[PDB]
Amino acid sequence: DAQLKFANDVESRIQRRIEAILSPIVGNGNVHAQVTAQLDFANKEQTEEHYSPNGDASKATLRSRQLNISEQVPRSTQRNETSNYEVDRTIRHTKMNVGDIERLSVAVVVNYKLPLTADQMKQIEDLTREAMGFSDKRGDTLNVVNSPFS
Amino acid sequence: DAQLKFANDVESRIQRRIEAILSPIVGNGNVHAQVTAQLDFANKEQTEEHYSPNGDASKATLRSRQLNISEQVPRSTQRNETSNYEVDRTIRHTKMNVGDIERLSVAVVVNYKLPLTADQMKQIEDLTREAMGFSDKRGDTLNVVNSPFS
Amino acid sequence: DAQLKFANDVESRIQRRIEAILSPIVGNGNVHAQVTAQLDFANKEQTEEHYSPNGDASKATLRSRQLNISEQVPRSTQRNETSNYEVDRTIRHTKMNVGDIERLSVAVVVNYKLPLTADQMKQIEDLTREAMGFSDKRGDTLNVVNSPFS
Amino acid sequence: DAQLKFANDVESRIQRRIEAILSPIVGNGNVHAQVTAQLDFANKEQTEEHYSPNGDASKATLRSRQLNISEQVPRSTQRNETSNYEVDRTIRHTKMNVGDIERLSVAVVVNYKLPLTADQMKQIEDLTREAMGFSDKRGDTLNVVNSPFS
Amino acid sequence: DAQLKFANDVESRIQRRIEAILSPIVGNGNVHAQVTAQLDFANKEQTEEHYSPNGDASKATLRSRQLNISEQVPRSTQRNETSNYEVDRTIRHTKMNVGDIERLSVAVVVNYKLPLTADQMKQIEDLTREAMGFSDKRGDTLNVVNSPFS
């Protein structure tokens, strides 16, 4: 129902931003872009519970203790040891948001003026990458191609 | 719904600030910038509970104790020791805010006047970095390019 | 919602103060500054509980005691010792404030008059640092650059 | 909300005081100052509980006692000793105030008349330090610079 | 809120007193002073509980006693001794006042007439110190400087 409208709005934002940043370099209307946004709407909760290790005796936190030591001499021995500890704790209750951007894909066409060089193409690709909100974490994809218009 | 409007407002703030600081150096309208803000809306709580180590006998905090020591002479021995401790404690209840900036990305175009030199470009990049609120913690990204306008 | 307005007010205060202190040295309007304030709105509590160490017998605080000592002569021995202590205590309930400044970033442009020397630039940087409320604890950043206006 | 107004009032007080003390020496309006006050609004309580040491037998406060001593002659011995003490105590309930000054930073410009000498500059710095309410505990910072006005 | 007004009143009192005592010596209006009062508003209670030592047998206060002594002759012996004491006690409930002066700082300028000598300066400093309510306990600070007026 409304999910399509929300996705369309996000795509329109990113498209107008890319065109508005790249227009002053190449011209008024010699560039077009279309973006496809993979939105996620799955309601999601979470509850971590982290404990810091207290195995090493250097920073254990003893609340109690009992250390009995017998020794006879045929060197019989004995060593009992009860220990009650205290432990750190961290608890988060993260309730994710419905409507985030999980992945993007952008295709941009640039006009001749007649080929545009390689350095200018690379810097234009870089401007677009930075204007998208690019992130190699989400697996985003970009491809800018140069071909004469008609 | 409103998340897009809030993000648009934040982006507009940062954009107008960058342009207003960089305009007096390069000219009235010979620079443009577009920023993409990755906002986070996930409701999040937290509860730490930290304990200071009292393993070392130099600063333990004994509440009780009982130290029995027998010894016969065939040097039989014995050593019992019960200890009850007291421990420090820290407890925080951090309820994060919904609407913070998790990551930024800024693309800026500067005009010729005809190339601008390298030192001026570097100081302009540095001004922009400082005016953004840049932070290598959040993974922010900046790229300023110089190309003739049309 | 209102967080942007509060941040804008804080930034306006710091900006007007920096410009008002630096204007009489360099001129009426030959300087501009823009500041970006990283505000924190996360509601936060805390509860410390500190205990002073009473391990050393020089300043323990005994409430009770029982020290039995037997000895026979084959020098058999015995030594029992029960001890009940009293301990210091400190308890704070710190409820942090929502709306503090976690980090600042300031960019300032100064006009030619034609380069300004190095000593004057250093003292101007120092005036700005002192007028900000600078603090190397919060990780604040400052950068003042000199470039001709237009 | 109102925290900014309170901070502005405190800063105005300190600024007018510094200017009013330093004006009669250097002139009517040949000095300006701007101060940045780091105020603290975190609600804070506290509860100490101090105990004076009674380990040394020179000033213990015995409420009871029981000292049994047997001895046979093969010099067998015995010594039991129960002791009940009384201890001093101090208890404070300090509820800190919301709105104190945690740190200050002052920047002052003085006019030529043409350089002002070093001794006069040092005594002016000292007057300002004393008029601020300076304190090396809070980490306050002062810097007075001399530069011709325009 | 009102704390600033109370502090201003205290400062005005001390300032008018210092000027009124120092005026008849140096002249009608050839001296100015400005004081900065560090007031404390933290609500504070207290409860001491002091016990006088009764370890020494010279002034113990026995309520009961039981001293058994056996002796056989191989000189076997025995000595049991139970003692119940009575102890002094002092209890204060000090509820501090909100609005006391924790620290002062005074800066005074005196006019030429042309330097004023060292003895007169020292006695003027001493008059000011005595008129303040000076106290090396609170860490108060005074500095009087002589410079020509304009």
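Working only within the stretch A:106-140, note down all residues that are under 17 Å from A:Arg17 (Cα atoms), of a type outside the set (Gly, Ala, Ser) and in a helix (DSSP H, G or I).
Scanning the stretch A:106-140 gives A:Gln123, A:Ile124, A:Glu125, A:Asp126, A:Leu127, A:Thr128, A:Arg129, A:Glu130, A:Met132.
Quick one: in the stretch C:104-128, of everything that is more than 8 Å from every other protein chain (Cβ to nearest Cβ) and touching an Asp or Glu at 6+ places or on another chain (Cβ under 9 Å), which residue is nearest to C:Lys44 (Cα to Cα)?
Taking the candidates together, the pick is C:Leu104.
Can D:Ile18 be described as farther than 30 Å from C:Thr77 by Cα and touching a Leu at 6+ places or on another chain (Cβ under 9 Å)?
Details: farther than 30 Å from C:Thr77 by Cα: yes; touching a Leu at 6+ places or on another chain (Cβ under 9 Å): yes.
Criteria met by D:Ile18.
Out of A:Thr94, A:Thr90, which single residue is touching a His at 6+ places or on another chain (Cβ under 7 Å) and under 25 Å from B:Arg92 (Cβ atoms)? Step through it out loud before you land on a result.
Details: A:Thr94 fails: touching a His at 6+ places or on another chain (Cβ under 7 Å).
That would be A:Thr90, the only listed residue that is touching a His at 6+ places or on another chain (Cβ under 7 Å) and under 25 Å from B:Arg92 (Cβ atoms).
Enumerate the pairs (first residue in the stretch B:119-133 and of a type in the set (D, E, K, R); second residue anywhere and surrounded by 20 or more Cβ atoms within 10 Å (Cβ to Cβ)) with beta-carbon separation below 6 Å, excluding pairs fewer than 6 apart on the same chain, so at least 6 apart or on different chains.
B:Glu125/B:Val144; B:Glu130/C:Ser105; B:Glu130/C:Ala107
Residues of the stretch C:129-140 being farther than 30 Å from C:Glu45 by Cβ and not charged (D, E, K, R), which ones? Break it down stepwise before answering.
Looking only at the stretch C:129-140, we keep the residues that are farther than 30 Å from C:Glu45 by Cβ, and these are C:129-131.
Across the stretch C:129-140, the qualifying residue is only C:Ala131.
Enumerate the pairs (first residue in the stretch B:138-150 and of a type in the set (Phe, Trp, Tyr); second residue anywhere and assigned to a loop (DSSP other than H, G, I, E, B)) with beta-carbon separation below 8 Å, excluding pairs fewer than 6 apart on the same chain, so at least 6 apart or on different chains.
B:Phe149/B:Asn30; B:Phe149/B:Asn111; B:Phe149/B:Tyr112
What's the number of the condition B:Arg129 fails, among (1) farther than 17 Å from B:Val35 by Cβ; (2) among the basic types (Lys, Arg); (3) surrounded by 15 or more Cβ atoms within 10 Å (Cβ to Cβ)?
Failed condition: (1).
Give me the strands (runs of 3 or more DSSP E) completely within the stretch D:1-90, filtered to those with at least 1 residues that are more than 8 Å from chain C (Cβ to nearest Cβ) and buried (at least 16 other Cβ atoms within 10 Å of the Cβ), ordered by residue number. Talk me through it step by step, then tell me what you get.
Numbers: elements: D:31-40, D:47-50, D:62-71, D:77-85.
Filter on the stretch D:1-90 gives D:31-40, D:62-71.
Go through the residues of the stretch B:60-77 one by one and say whether even a single one is over 30 Å from D:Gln78 (Cα atoms) and touching a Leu at 6+ places or on another chain (Cβ under 7 Å). Steps first, answer last, please.
Pass one, the stretch B:60-77, residues over 30 Å from D:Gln78 (Cα atoms): B:60-61.
Right, trim to touching a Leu at 6+ places or on another chain (Cβ under 7 Å) and you get none.
Looking for residues that are over 30 Å from D:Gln78 (Cα atoms) and touching a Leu at 6+ places or on another chain (Cβ under 7 Å), one finds none in the stretch B:60-77, hence no.
I'd like the full set of residues that are in a loop (DSSP other than H, G, I, E, B) and either in contact with a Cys (Cβ under 8 Å, 6 or more places away or on another chain) or of a type outside the set (S, T, N, Q) (or both), limited to the stretch A:141-150.
In the first step, residues of the stretch A:141-150 are kept if they are in a loop (DSSP other than H, G, I, E, B); the result is A:147-150.
Those that are in a loop (DSSP other than H, G, I, E, B) and either in contact with a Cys (Cβ under 8 Å, 6 or more places away or on another chain) or of a type outside the set (S, T, N, Q) (or both): A:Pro148, A:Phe149.
Values quoted throughout were computed directly from the atomic coordinates according to the rules given, and no laboratory measurement underlies them. All Cβ positions, even for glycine, are placed from backbone atoms using ideal geometry, and neighbour counts span all protein chains on display.
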